[PDB]
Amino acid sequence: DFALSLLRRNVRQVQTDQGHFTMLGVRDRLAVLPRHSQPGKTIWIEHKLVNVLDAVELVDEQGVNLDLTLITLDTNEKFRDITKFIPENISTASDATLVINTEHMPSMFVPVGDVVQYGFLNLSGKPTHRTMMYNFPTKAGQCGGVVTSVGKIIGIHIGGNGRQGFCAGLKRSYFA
């Protein structure tokens, strides 16, 4: 129920020069993407070209790569504010669902099971922190996917090795 309404109201198909991604709209004109999507000044959102007002790579007190980029979109439409569904602290989970929505992989829900603390992750040679892991064969095209569990939004899909998948953890304070 919660995953379905999240998909409808907040999860959008996008394309950058790096390919297809799922984008989570967070509130108003603010949305989050995996860093490796490398959004430019213009982004493709559901068959429309959209101006990107600002893009900031997510940094926390530690000053390390979290593999997320916050963008502000030049749009009329305002995302439903879902920050209250993002935990105040990075949260592991059981019975999690990955919500993917791109032009090539539209509106798909994947039960990934337990989402456990993982932390540091070397993603194709690039150091990444505060990740969590699920034992599910995620694949190319699923980055940006939104990890959800029991009414909470807990991560964004960023990588996998064919047998396991990994997400960047989400905390409410990222979007304050």
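Start at 1 and count along the sequence shown; that's the residue number.
Look at the mean CA B-factor for 85-93 and for 72-80 in the entry; the higher one is 72-80.
In this crystal structure, the stretch out of 114-122 and 140-148 whose C-alpha atoms carry the higher mean B factor is 114-122.
When the C-alpha B-factors of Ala31, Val56, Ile43, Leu66 are read from the PDB record, the largest value belongs to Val56.
In this PDB entry, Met108 carries a Cα temperature factor that places it within the highest third of its chain's modelled residues.
Among the modelled residues of its chain, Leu7 has a C-alpha B-factor that falls in the middle third according to the deposited record.
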